[PDB]
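J.: this one's structure only:
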């Protein structure tokens, strides 16, 4: 704690802790990202230069060409740690130090749509408008995770990229805490820099007209919604999107606002929902390439298919408002997914690819007094990532003792975590019990709960019944993750995990005049064959059976990609909740350290032979001791030297 | 996805096989449960000598083959001929290779322990599937209607059953089987329609009596004053046009056929009927669970599709049940595939993965493992 | 407040546990005193494997578990299963952590010295409560009716007792125990009601005979010319509607059930009855204290709630007691919780603080300390 702290009060944000590259939020500006530095760190082992991210980032590259292996960089930290910033910054780094489109390099609309190095870059600012928002911690917080594959060529020059998105905060779209706000886009658009848009979408410039997006805050001083709107705009173009699509995006993003304005009322003497007007529906309908009526019907009189037919079901006021919200979110998401794909599509070149460098940006194990479903998914991701490291280290360590000739035997450090992982991902584990019950037409959260216990309680060690008191809000089940005990609340899971959507409506989308909208829904339309009658399995036709069924699939496809990689680690840190440069709350940093892996890397180090010096890092600092004979050694063989 | 896409669901019936991928909404494959064996030596033009025929090619070519039904009354009676229907299902109908697909199969209500072990022996040892699972049919039907306690009246082609289920466990001692179903029902219509002064003489006349039964048959409520209605001769009559012009009329018999399900006496059966049997199952169960079963009479099976079956059953058991009780007859529209859909749901489910019997379990525990 | 809020009162019975916070007017938690152990391996949907069930989940799921009663006739007979009911009480029912709450418990009339030491051993050593205290049940009932000398007829689910108390000290040699209570009484009604020509066949028929006993049963005064009245057949009859319509009628038996408490001969018991036993307790006590006991017959317990119990007892002992005596049968309305309420009062009291056995007393004196 103390080392970090001291070199921070001195304004040094980069300090290493083994393999890690700790990074602390300056909260102010620094000449570090300096265009001089970039070069400086170019072609240098981390022992030839001071702690910095470009060190990691260059070495990767090096290593990439030297060993002929693919690489990775894992950036991770809490909401306010400032990862995007790094991630982005790493990315620029790659683009710079190994570009050369030759023709694209000239000062003629440089970096505009029409080159990648730019596309690559331009990517961000689009995603950010849609997947970023003002959090109470950050002003531009990443509300989703991501993985880019920079596909380097044979020579060593840029060839392709690849994005993938994980866990998007769908809730912002409909909600927002009091000090927060929704995605930027909304506020961007209503900013009025492109007035047509306002009339085009049929909205106003006052957000308080759109409940969905003004539950929290509307304006942020550090952000210029007007400037961004263009940034965004321009990015779309560069990204190669069709105007139409670029039109869908917009039009589609406004429909969603409108939905939240959709109002209903109880039919008299009936408990049914009946439309409270065709003012808004009209707009939503038009904007989506729909028919007002058909739409309001489907919404109100959802026509289902229980048995071998299609049974028309009536809904309540409360049921509608909620379904609407479900589509709003559903639509936004999908779209977001699509955009990514489309991006990827442009980022696809024909040129050969020999290796890639993966840059992973996701959240780290965060513990809250309230841990719900989303927490499990993330924690699980991290507990995996951790084991991923612990192993790499075990492998790594063991090489030294082999190189040197020491006689040290030890078991994989990952192993310690396998217990927790199996409990989650294995067959009779949490997810399964979670995803099975989702098949029971009449199951309850409570039901699920019991199934969870009857099977794991008393029989499983990592499994425990909660500690209901302290700063926690209710009881259901705790798990014993590497970072500690997490108290999980199981309420909504079943639902959240089912992704219930009014299929009648989706129908309409599926046959929209707005192709794009139509597209986004296709994959739902193609699995319906499979879940034709009441009860059963959605997967028969390609429909998701679990909220969690993919997450896993994606998380596997990932951790696999992570393996055929030479892992490079970066841990981002957040000094003080109060936003003050040169300061640090203790216990706050302490926390991160445990959940980071930093404290676990120190542990594993200390088992034993604590401090472990990297050879160059060893030369430089100590050559001077027998100056003649130690310098010769270090220079003559980077390793043999220290020897 | 490995197996999210990959789980197969095969529902083996007395008349039809229903098959497809867990995930889908309805069976990808539906076909007769026959295996035809050619009575003479010879060939079709362009084909080779075929030793055997299955499903629709056995039905279509029935005049030169001896047709055989592997499943008598829901139970597999011939294992040589069943392995033939499975082979056809995987390789020709779904066109998948079985050795990379988990397979959820179904069995009947009081299916002998030894059979559940035998189809496991054949699934793992002759088809080499990665993993499999056998669900009980009424239990998948219930579950496909969302719930876990209820009583299923299940009725298909060779058997009818009542399977009371409580929090998922089908109750062995309360299950009733009535061997009169849609097959019996097509042959009775046949006679009341020849008896109306007709002739189903060629095989193109025989087959379509079954399509008359499906399209035009009804279960009237107050079957009493429906015969009475028949006589005053209302516009209750219904004429069907045959393969050719020969417009046949069916007024009345239209409902005399499903009245067989409430009155087995119409066909020289001395057994009790569907509604009484629903009830008797119920007064054979624990006392405290009888309000549950009564409010959850789930219907499944091709023969429970006759319109107005539910209303007749509704009133049939209200009037046998103590008035303090709530009666509730659930009959969904997709009911001819309830069983299958319940399997599709269950097998595509997030929590089912830990109940799949894997070749690891089998090679190590013997057929006993899946038998439970 | 530290413990003003914080004192717990747990009354352990043969049929029910009554629990809650000292201060409250009535128990926060009331539930059966059972511990169910599953007869088979399996799960409820969404739950894990459960080794054990307690209270109402054991009653509701009784068909798959072997039910066991830890307290036989007011005395704790199985200590593994009792620690299970306590655990359930603190952690699930009252949802408190026990290690910061003083706990007032109750024991039975001639509870073996060794038991009072054992539940103290378990309270302090496995639940780690700050302090605890064991009150005798009749003694809390008396005190909850304001007084300190009287005789309590206490009658619940497995035992009946008479505990003469003088200025707070229950009189060991005058206490009488009669093992016939509300449990015995529900099973006798059962037979006189099947004997009325009925059937409590399913478990939903069994359970409700007990709700008939509670709602419709009476203790008639002059039970003699009440049978005589039954015969002339007045509008004395009373029909109850079952879980369903099945309106059952109970005219007469309605009071033949509590006449069992005065005549144990109705059930093949040779012991004396409630009123004689009240009396015998009394002619076993000192002479000078007998006018006090007679004017203070306090009743407590679920089975003493039958209306007209007090009038019958009033006249039952007047006519056995010397005429120079004043008889007085106090039967309060909250009597099914007298015991508990007496504990709530006492433990929330200003002067009780100095009788709490603290872990300091225990870790220093051994279980002997609280045993007195």
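T.: Received, thanks. Numbers count the residues shown, from 1 in each chain, chains lettered A, B, ... in the order given.
J.: leaving out the residues flanking it, which one is nearest to the one residue in chain A that gets nearest to chain C?
T.: Proximity of chain A to chain C (C-beta to the nearest C-beta) peaks at residue A:450, 1.7 Å away. All C-beta spots, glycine's among them, are computed from the backbone N, C-alpha and C. Leaving aside its sequence neighbours, residue A:450 sits nearest to residue C:47 (C-beta to C-beta, 6 or more residues apart in numbering or on different chains; 1.7 Å).
J.: ok, residue B:213 - how many residues close by?
T.: Residue B:213 sits with 23 neighbouring residues when counted by other C-beta atoms under 10 Å in any protein chain shown.
J.: in contact with it: list those residues for me.
T.: Applying C-beta atoms under 8 Å, 6 or more residues apart in numbering or on different chains, one finds that residue B:213 lies in contact with B:182, B:185, B:186, B:189, B:257.
J.: element containing it?
T.: Following DSSP states H and E, one finds residue B:213 within helix B:203-216.
J.: what sits against whatever residue of the stretch 301-450 of chain A ends up closest to chain B?
T.: Proximity of the stretch 301-450 of chain A to chain B (C-beta to the nearest C-beta) peaks at residue A:435, 0.5 Å away. Neighbouring residues of residue A:435 by C-beta under 8 Å, 6+ apart: A:497, A:545, A:546, A:547, A:548, A:549, B:349, B:350, B:351, B:352, B:353.
J.: which element is it on?
T.: With DSSP H and E as the criterion, residue A:435 is inside helix A:430-437.
J.: after that helix, which helix or strand is next?
T.: Using DSSP H and E, the helix or strand that directly follows helix A:430-437 along the chain is helix A:445-456.
J.: what is that following helix packed up against?
T.: Of the remaining helices and strands, those touching helix A:445-456 by 3 or more C-beta pairs under 8 Å, 6 or more residues apart in numbering or on different chains; DSSP states H and E are helix A:430-437, strand A:477-480, helix A:493-496.
J.: would you map the helices across the stretch 151-300 of chain B?
T.: In the stretch 151-300 of chain B, the segments counted as helices under DSSP state H, counting those that start in this stretch are B:182-194, B:203-216, B:224-232, B:253-256, B:259-262, B:274-282, B:290-294.
J.: of the helices and strands packed on helix A:445-456, which stretch is the most buried?
T.: helix A:430-437 (a mean of 27; mean count of other C-beta atoms under 10 Å in any protein chain shown).
J.: residue with max distance from the center of chain B?
T.: For chain B, the residue at maximal distance from the C-alpha centroid (C-alpha atoms, centre = their mean) is residue B:232, at 37.1 Å.
J.: got the phi and psi for the residue in the stretch 51-200 of chain A that chain B sits nearest to?
T.: Going by C-beta to the nearest C-beta, chain B is nearest to residue A:164 of the stretch 51-200 of chain A, at 15.5 Å. Residue A:164 has phi and psi values of phi -150, psi 130 when expressed as degrees, to the nearest 10.
J.: list the contacts of it.
T.: A:146, A:147, A:148, A:340, A:554, A:558.
J.: how about residue B:321?
T.: With C-beta under 8 Å, 6+ apart, residue B:321 has these contacts: B:279, B:282, B:294, B:327, C:244.
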